[PDB]
Amino acid sequence: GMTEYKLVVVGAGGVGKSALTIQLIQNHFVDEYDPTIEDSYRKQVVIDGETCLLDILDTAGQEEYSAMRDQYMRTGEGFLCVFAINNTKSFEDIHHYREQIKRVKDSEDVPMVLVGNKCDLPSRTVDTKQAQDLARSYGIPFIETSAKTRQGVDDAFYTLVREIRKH
Ligand SMILES: C=C(F)C(=O)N1CCN(c2nc(OC[C@@H]3CCCN3C)nc3c2CCN(c2cccc4cccc(Cl)c24)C3)C[C@@H]1CC#N
Ligand SMILES: Nc1nc2c(ncn2[C@@H]2O[C@H](COP(=O)(O)OP(=O)(O)O)[C@@H](O)[C@H]2O)c(=O)[nH]1
Ligand SMILES: [Zn+2]
Ligand SMILES: [Zn+2]
Ligand SMILES: [Zn+2]
């Protein structure tokens, strides 16, 4: 049978939500992708021998909290919380995204992975130890990714699937 996993990618504008998603879906680094466009993608994949369908929401658009937006985000079974390792503000914004995730899921235990993207970049401002400690305090995995070199892309999404399996 084919289990679907509904995944939602969140994180500050410009951290790489779209580039990560396209790199998963299309196996290409797209260095300019409309920052406003929010879309969803299906990909049949095999994770630990399980054939599954990833249904991935690449969050975009504007910050608003209508009932329609809440209902779409609430269908998410697991969330990628993405920051950029060269952007300390995007790391600090993880608090707000985890806050919104918990709100719509009405749960203090939501499958989540903390994703530190742009690990190909030399000019890093967020230490790995700092991101590891945050993820540890939340009980979630941390993974560094580069949508540009594709390092960790599959594993960030697969790790999220394994967290969804846990709950
Ligand atoms: C190109 C870009 F600009 C760009 O890509 N976006 C910037 C604008 N978006 C958002 N921004 C901020 O807050 C930005 C800052 C941080 C502190 C407060 N705000 C001042 N918060 C949200 C959004 C999207 C909608 N939303 C959510 C609404 C309702 C329910 C949710 C449940 C779970 C998770 C979410 Cl995420 C929910 C929260 C979209 C995207 C970012 C994403 N994700
Ligand atoms: N160097 C590098 N740049 C990246 C990476 N991921 C995204 N970018 C760049 O960061 C910018 C914003 O990426 P985007 O996917 O649109 O971020 P989004 O707003 O979160 O969807 C783009 O110009 C990308 O070229 C990465 O892993 N490494
Ligand atoms: Zn985007
Ligand atoms: Zn679906
Ligand atoms: Zn908030």
# chains A, B, ... in the order shown; residues from 1 in each chain; ligands from 1
>>> residues_near_ligand(ligand="ligand 4", cutoff="12 Å", atoms="only C-alpha atoms and all ligand atoms", output="list in words")
residues 2, 3, 4, 5, 6, 7, 8, 40, 41, 42, 43, 44, 52, 53, 54, 55, 56, 57, 72, 75, 76 and 77 of chain A
>>> residues_around(residues="residue A:30", least_positions_apart="4", cutoff="10 Å", atoms="only C-alpha atoms", output="VMD selection string")
chain A and resid 16 18 to 20 22 to 23 26 147 to 148
>>> closest_atom_pairs(of="chain A", to="ligand 3", cutoff="9 Å", atoms="only C-alpha atoms and all ligand atoms", output="JSON lines")
{"residue": "A:13", "atom": "CA", "partner": "ligand 3", "partner_atom_place_in_ligand_line": "1 (Zn)", "distance": 6.9}
{"residue": "A:14", "atom": "CA", "partner": "ligand 3", "partner_atom_place_in_ligand_line": "1 (Zn)", "distance": 6.9}
{"residue": "A:15", "atom": "CA", "partner": "ligand 3", "partner_atom_place_in_ligand_line": "1 (Zn)", "distance": 8.3}
{"residue": "A:16", "atom": "CA", "partner": "ligand 3", "partner_atom_place_in_ligand_line": "1 (Zn)", "distance": 6.7}
{"residue": "A:17", "atom": "CA", "partner": "ligand 3", "partner_atom_place_in_ligand_line": "1 (Zn)", "distance": 5.3}
{"residue": "A:18", "atom": "CA", "partner": "ligand 3", "partner_atom_place_in_ligand_line": "1 (Zn)", "distance": 4.1}
{"residue": "A:19", "atom": "CA", "partner": "ligand 3", "partner_atom_place_in_ligand_line": "1 (Zn)", "distance": 7.2}
{"residue": "A:21", "atom": "CA", "partner": "ligand 3", "partner_atom_place_in_ligand_line": "1 (Zn)", "distance": 8.9}
{"residue": "A:33", "atom": "CA", "partner": "ligand 3", "partner_atom_place_in_ligand_line": "1 (Zn)", "distance": 6.5}
{"residue": "A:34", "atom": "CA", "partner": "ligand 3", "partner_atom_place_in_ligand_line": "1 (Zn)", "distance": 6.4}
{"residue": "A:35", "atom": "CA", "partner": "ligand 3", "partner_atom_place_in_ligand_line": "1 (Zn)", "distance": 4.4}
{"residue": "A:36", "atom": "CA", "partner": "ligand 3", "partner_atom_place_in_ligand_line": "1 (Zn)", "distance": 6.5}
{"residue": "A:37", "atom": "CA", "partner": "ligand 3", "partner_atom_place_in_ligand_line": "1 (Zn)", "distance": 6.4}
{"residue": "A:38", "atom": "CA", "partner": "ligand 3", "partner_atom_place_in_ligand_line": "1 (Zn)", "distance": 6.8}
{"residue": "A:39", "atom": "CA", "partner": "ligand 3", "partner_atom_place_in_ligand_line": "1 (Zn)", "distance": 9.0}
{"residue": "A:58", "atom": "CA", "partner": "ligand 3", "partner_atom_place_in_ligand_line": "1 (Zn)", "distance": 6.7}
{"residue": "A:59", "atom": "CA", "partner": "ligand 3", "partner_atom_place_in_ligand_line": "1 (Zn)", "distance": 6.7}
{"residue": "A:60", "atom": "CA", "partner": "ligand 3", "partner_atom_place_in_ligand_line": "1 (Zn)", "distance": 5.5}
{"residue": "A:61", "atom": "CA", "partner": "ligand 3", "partner_atom_place_in_ligand_line": "1 (Zn)", "distance": 8.5}
>>> write_last_selection(atoms="C-alpha atoms", output="PDB file, in the first residue's frame")
ATOM      1  CA  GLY A  13      11.797  34.328   3.550  1.00  0.00           C
ATOM      2  CA  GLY A  14      15.021  33.555   1.693  1.00  0.00           C
ATOM      3  CA  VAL A  15      16.264  30.628   3.807  1.00  0.00           C
ATOM      4  CA  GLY A  16      15.825  28.137   0.945  1.00  0.00           C
ATOM      5  CA  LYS A  17      12.370  26.553   1.420  1.00  0.00           C
ATOM      6  CA  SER A  18      11.757  26.596  -2.323  1.00  0.00           C
ATOM      7  CA  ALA A  19      15.274  25.621  -3.369  1.00  0.00           C
ATOM      8  CA  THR A  21      11.810  21.527  -2.208  1.00  0.00           C
ATOM      9  CA  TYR A  33      12.407  31.193  -7.598  1.00  0.00           C
ATOM     10  CA  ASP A  34       9.500  33.613  -7.023  1.00  0.00           C
ATOM     11  CA  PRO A  35       9.538  34.294  -3.262  1.00  0.00           C
ATOM     12  CA  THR A  36       5.766  34.842  -3.278  1.00  0.00           C
ATOM     13  CA  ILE A  37       4.733  31.568  -4.940  1.00  0.00           C
ATOM     14  CA  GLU A  38       3.415  28.827  -2.631  1.00  0.00           C
ATOM     15  CA  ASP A  39       2.836  25.428  -4.192  1.00  0.00           C
ATOM     16  CA  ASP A  58       6.354  24.871   0.081  1.00  0.00           C
ATOM     17  CA  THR A  59       5.105  27.736   2.239  1.00  0.00           C
ATOM     18  CA  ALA A  60       5.090  31.219   0.719  1.00  0.00           C
ATOM     19  CA  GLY A  61       2.704  34.084   0.175  1.00  0.00           C
TER      20      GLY A  61
END
>>> residues_around(residues="stretch 128-143 of chain A", least_positions_apart="4", cutoff="8 Å", atoms="only C-alpha atoms", output="ChimeraX atom specification")
/A:111-116,152,156,159
>>> write_last_selection(atoms="N, CA and C atoms", output="PDB file, in the first residue's frame")
ATOM      1  N   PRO A 111       5.673  16.214  14.901  1.00  0.00           N
ATOM      2  CA  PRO A 111       6.871  15.833  14.137  1.00  0.00           C
ATOM      3  C   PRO A 111       7.505  17.030  13.448  1.00  0.00           C
ATOM      4  N   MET A 112       8.789  17.258  13.707  1.00  0.00           N
ATOM      5  CA  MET A 112       9.493  18.419  13.195  1.00  0.00           C
ATOM      6  C   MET A 112      10.970  18.095  13.058  1.00  0.00           C
ATOM      7  N   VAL A 113      11.597  18.708  12.065  1.00  0.00           N
ATOM      8  CA  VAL A 113      13.041  18.656  11.899  1.00  0.00           C
ATOM      9  C   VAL A 113      13.529  20.081  11.745  1.00  0.00           C
ATOM     10  N   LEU A 114      14.631  20.410  12.427  1.00  0.00           N
ATOM     11  CA  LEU A 114      15.274  21.717  12.322  1.00  0.00           C
ATOM     12  C   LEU A 114      16.321  21.620  11.221  1.00  0.00           C
ATOM     13  N   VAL A 115      16.243  22.509  10.238  1.00  0.00           N
ATOM     14  CA  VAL A 115      17.067  22.412   9.042  1.00  0.00           C
ATOM     15  C   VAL A 115      17.883  23.686   8.935  1.00  0.00           C
ATOM     16  N   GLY A 116      19.207  23.547   8.994  1.00  0.00           N
ATOM     17  CA  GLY A 116      20.103  24.671   8.791  1.00  0.00           C
ATOM     18  C   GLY A 116      20.643  24.657   7.373  1.00  0.00           C
ATOM     19  N   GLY A 152      22.428  16.679   2.050  1.00  0.00           N
ATOM     20  CA  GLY A 152      21.435  16.576   3.100  1.00  0.00           C
ATOM     21  C   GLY A 152      20.000  16.812   2.686  1.00  0.00           C
ATOM     22  N   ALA A 156      17.101  15.379   4.937  1.00  0.00           N
ATOM     23  CA  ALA A 156      16.243  16.244   5.737  1.00  0.00           C
ATOM     24  C   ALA A 156      14.782  15.824   5.608  1.00  0.00           C
ATOM     25  N   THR A 159      14.345  12.206   7.102  1.00  0.00           N
ATOM     26  CA  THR A 159      14.351  12.304   8.554  1.00  0.00           C
ATOM     27  C   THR A 159      12.991  12.757   9.074  1.00  0.00           C
TER      28      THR A 159
END
>>> residues_near_ligand(ligand="ligand 1", cutoff="8 Å", atoms="only C-alpha atoms and all ligand atoms", output="PyMOL selection string")
chain A and resi 9-14+17+35-36+59-66+69-71+73-74+93+96-105
>>> write_last_selection(atoms="C-alpha atoms", output="mmCIF file, in the first residue's frame")
data_model
loop_
_atom_site.group_PDB
_atom_site.id
_atom_site.type_symbol
_atom_site.label_atom_id
_atom_site.label_comp_id
_atom_site.auth_asym_id
_atom_site.auth_seq_id
_atom_site.Cartn_x
_atom_site.Cartn_y
_atom_site.Cartn_z
ATOM 1 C CA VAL A 9 8.283 23.481 4.824
ATOM 2 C CA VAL A 10 8.380 26.689 6.901
ATOM 3 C CA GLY A 11 11.021 29.279 7.695
ATOM 4 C CA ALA A 12 11.932 32.932 7.047
ATOM 5 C CA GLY A 13 11.797 34.328 3.550
ATOM 6 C CA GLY A 14 15.021 33.555 1.693
ATOM 7 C CA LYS A 17 12.370 26.553 1.420
ATOM 8 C CA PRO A 35 9.538 34.294 -3.262
ATOM 9 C CA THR A 36 5.766 34.842 -3.278
ATOM 10 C CA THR A 59 5.105 27.736 2.239
ATOM 11 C CA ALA A 60 5.090 31.219 0.719
ATOM 12 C CA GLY A 61 2.704 34.084 0.175
ATOM 13 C CA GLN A 62 2.090 36.497 2.978
ATOM 14 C CA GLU A 63 1.870 36.220 6.737
ATOM 15 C CA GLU A 64 -1.833 35.952 7.554
ATOM 16 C CA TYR A 65 -3.883 33.739 9.828
ATOM 17 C CA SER A 66 -7.273 33.261 8.199
ATOM 18 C CA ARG A 69 -4.693 29.249 5.955
ATOM 19 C CA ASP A 70 -4.939 27.566 9.370
ATOM 20 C CA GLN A 71 -6.855 24.646 7.837
ATOM 21 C CA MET A 73 -1.339 24.271 7.540
ATOM 22 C CA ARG A 74 -3.165 21.935 9.953
ATOM 23 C CA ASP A 93 12.401 33.142 13.824
ATOM 24 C CA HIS A 96 7.633 31.813 15.899
ATOM 25 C CA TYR A 97 7.285 28.942 13.435
ATOM 26 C CA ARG A 98 7.284 26.295 16.156
ATOM 27 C CA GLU A 99 4.724 28.448 17.988
ATOM 28 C CA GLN A 100 2.431 28.501 14.955
ATOM 29 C CA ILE A 101 2.902 24.792 14.276
ATOM 30 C CA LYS A 102 1.934 23.899 17.848
ATOM 31 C CA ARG A 103 -1.067 26.244 17.661
ATOM 32 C CA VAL A 104 -2.671 24.747 14.560
ATOM 33 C CA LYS A 105 -1.891 21.153 15.551
#
>>> atom_distance(atom1="atom CA of residue A:162", atom2="atom CA of residue A:106")
20.9 Å
>>> atom_distance(atom1="atom CA of residue A:48", atom2="atom CA of residue A:81")
22.6 Å
>>> atom_distance(atom1="atom 28 (N, counted along the ligand's line) of ligand 2", atom2="atom CA of residue A:160")
20.4 Å
>>> select_by_dssp(residues="chain A", states="strand (DSSP E)", output="PyMOL selection string")
chain A and resi 3-10+39-47+50-58+78-84+112-117+142-144
>>> closest_residue(among="A:92, A:127, A:109, A:120", to="ligand 5", atoms="only C-alpha atoms and all ligand atoms")
A:92
